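Just so it is clear, the values below take in all heavy atoms, side chains as well, and ignore hydrogens, waters and symmetry mates. Labels below follow one simple rule: chain letters A, B, ... track the order of the sequence lines, proteins then strands, and each chain is numbered from 1.
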Protein chains: 2
Amino acid sequence: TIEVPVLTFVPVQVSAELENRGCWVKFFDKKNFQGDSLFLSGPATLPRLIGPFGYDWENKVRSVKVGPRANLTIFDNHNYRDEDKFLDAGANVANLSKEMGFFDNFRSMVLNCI
Amino acid sequence: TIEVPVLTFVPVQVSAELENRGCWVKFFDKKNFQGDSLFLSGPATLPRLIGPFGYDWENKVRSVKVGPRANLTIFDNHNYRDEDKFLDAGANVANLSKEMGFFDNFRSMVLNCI
């Protein structure tokens, strides 16, 4: 079972444990895993890069880190449409852009656990 | 120990369990607990209502629900400054505004567990 995730603020102890479990992905605001990052634990599926209270994080992700027990597929369009890119377990993408073989602005995704 | 929380997207199973534990608060986009909501599990302290990837949720919260084992204090200014309002365990505030005895735009907060 995989559904749309819930946006939440959790104590560092909780996110650290979800990180230890290994099924996660970190999206960074800057290239080379610099800047702040959004943390997602799976499995989870997002048809749009949004969240409650007006959160809209399209056009923000510049680098990606995938956990040791997760698989990430990003899509070019929303609602899991069109072209896709696959990032395997532990994968690191320092520059998430079309020029580097990905998309300039992916708009939906699916995070699986392995 | 209480620190700044980590913004994360988690599976419904995880947020449901954090909800069951009882130390949480839900911030709704509309009055009377309608619309979408941001979920926070504690303890946690936020000097500013922001998050990674450009998340800025000031001027958004219109109603609040406090968990059965949490206490919430909101401040009028950022960095826990100036006037405060206290919402005890299980509390529900259908209209979070100055006219109703609170603030039009609280800017920082502390979530404690009891």
Worksheet item: Ion pair present between A/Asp29 and A/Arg62, side-chain N to carboxylate O less than 4.0 angstrom?
Response: no
Fill in: Nearest-0.5 Å distance, CG of residue A/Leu40 to OG of residue A/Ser15
12.0 Å
Practice prompt. Report the residue from B/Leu87, B/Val64, B/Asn95 that forms a side chain to side chain contact (heavy atoms under 4.5 Å, CB included) with B/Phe102.
Written response: B/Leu87
Practice prompt. Could you state whether B/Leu72 and B/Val4 fall into the same hydrophobic cluster, counting links through intermediate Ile, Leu, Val, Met, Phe, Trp or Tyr residues with side-chain heavy atoms under 4.5 angstrom apart?
Written response: yes
Worksheet item: Are side-chain N/O atoms of B/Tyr80 and B/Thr73 paired as donor and acceptor at under 3.5 Å?
Response: no
Worksheet item: Passes salt bridge (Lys or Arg N to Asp or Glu O under 4.0 Å), B/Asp76 versus B/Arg81? Steps please.
Response: CA-CA 7 Å; B/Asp76 202 7; B/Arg81 293 164 49 188; over 6 Å; no
Worksheet entry | Closest non-hydrogen atom pair, B/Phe33 against B/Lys65 | CD2-CG, 3.4 Å
Practice prompt. Check the hydrophobic clustering (I, L, V, M, F, W, Y; side-chain heavy atoms under 4.5 Å; chains of links allowed) and say if A/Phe75 and A/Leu111 are grouped together.
Written response: no
Discussion item. Are A/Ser63 and A/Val93 packed together at the side-chain level, in the sense that at least one heavy-atom pair is separated by less than 4.5 angstrom?
Written reply: no
Fill in: Nearest heavy-atom neighbours spanning B/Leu7 and B/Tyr55
CD2-CD2, 3.7 Å
Worksheet entry | Transitive ILVMFWY side-chain link A/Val14 to B/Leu46, under 4.5 Å | no
Discussion item. Within the structure provided, determine whether A/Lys85 and A/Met109 are in side-chain contact (heavy-atom separation under 4.5 Å).
Written reply: no
Worksheet item: To the nearest 0.5 Å, how far apart are CD in B/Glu17 and OG in B/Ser41?
Response: 10.0 Å
Discussion item. Do B/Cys113 and B/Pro43 make a side-chain contact, defined as non-hydrogen atoms from C-beta onward lying under 4.5 Å apart?
Written reply: yes
Worksheet item: Does B/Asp56 reach the side chain of B/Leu49, with side-chain heavy atoms less than 4.5 Å apart?
Response: no
Fill in: Under 3.5 Å: donor-acceptor pair, side chain of B/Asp104, backbone of B/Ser97
no
Worksheet item: So which heavy atom on B/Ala89 is nearest to which on B/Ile114, and how close?
Response: CB-CD1, 3.8 Å
Worksheet item: In terms of hydrophobic clustering (I, L, V, M, F, W, Y; side-chain heavy atoms under 4.5 Å; direct or indirect links), are A/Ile74 and A/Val25 co-clustered?
Response: yes
Discussion item. When you measure from the side chain of A/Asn92 to the backbone of A/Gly90, do you find a donor-acceptor pair of N or O atoms at a distance under 3.5 Å?
Written reply: yes
Fill in: Residue pair B/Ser108 / B/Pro47: nearest heavy atoms and the distance that separates them
CB-O, 3.5 Å
Practice prompt. Check whether any side-chain heavy atom of A/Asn71 sits under 4.5 Å from a side-chain heavy atom of A/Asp88, and report yes or no.
Written response: yes
Discussion item. Would you say B/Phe9 ends up clustered with A/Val6 if hydrophobic residues are merged whenever their side chains have heavy atoms under 4.5 Å apart, either directly or through other cluster members?
Written reply: no
Item to complete: Would you check if there is a donor-acceptor pair between the side chains of B/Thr8 and A/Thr8 at a distance under 3.5 Å?
Response: yes
Worksheet item: Does the side chain of B/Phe39 reach to within under 4.5 Å of the side chain of B/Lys26, using non-hydrogen atoms?
Response: yes
Item to complete: Would you sort out whether B/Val10 and A/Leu18 count as a side chain to side chain contact (heavy atoms under 4.5 Å, CB included), showing the intermediate values?
Response: CA-CA 9 Å; B/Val10 301; A/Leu18 294 175; 3.9 Å; yes
Practice prompt. Determine whether A/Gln13 and A/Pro11 make a side-chain contact, defined as any pair of heavy atoms from C-beta on separated by less than 4.5 Å.
Written response: yes
Practice prompt. Start with the C-alpha gap between A/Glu58 and A/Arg48, add the side-chain angles, then the distance that decides, and say whether salt bridge (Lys or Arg N to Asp or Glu O under 4.0 Å) holds.
Written response: CA-CA 8 Å; A/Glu58 265 190 40; A/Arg48 287 177 189 282; 5.5 Å; no
Item to complete: Taking all non-hydrogen atoms of both residues into account, name the closest pair between B/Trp24 and B/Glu19 and its distance.
Response: NE1-O, 2.9 Å
Discussion item. Please verify the inter-ring angle class for B/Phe27 with B/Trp57; under 30° counts as parallel, over 60° as perpendicular, anything in between as tilted.
Written reply: tilted
Item to complete: Kindly give the heavy-atom pair with the smallest separation between B/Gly35 and B/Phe28, and that separation in Å.
Response: O-CD2, 4.1 Å
Item to complete: To the nearest 0.5 angstrom, please state how far the CG atom of A/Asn79 sits from the CZ atom of A/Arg107.
Response: 8.5 Å
Fill in: Student check: side-chain heavy atoms of B/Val61 and B/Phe106 closer than 4.5 Å
yes
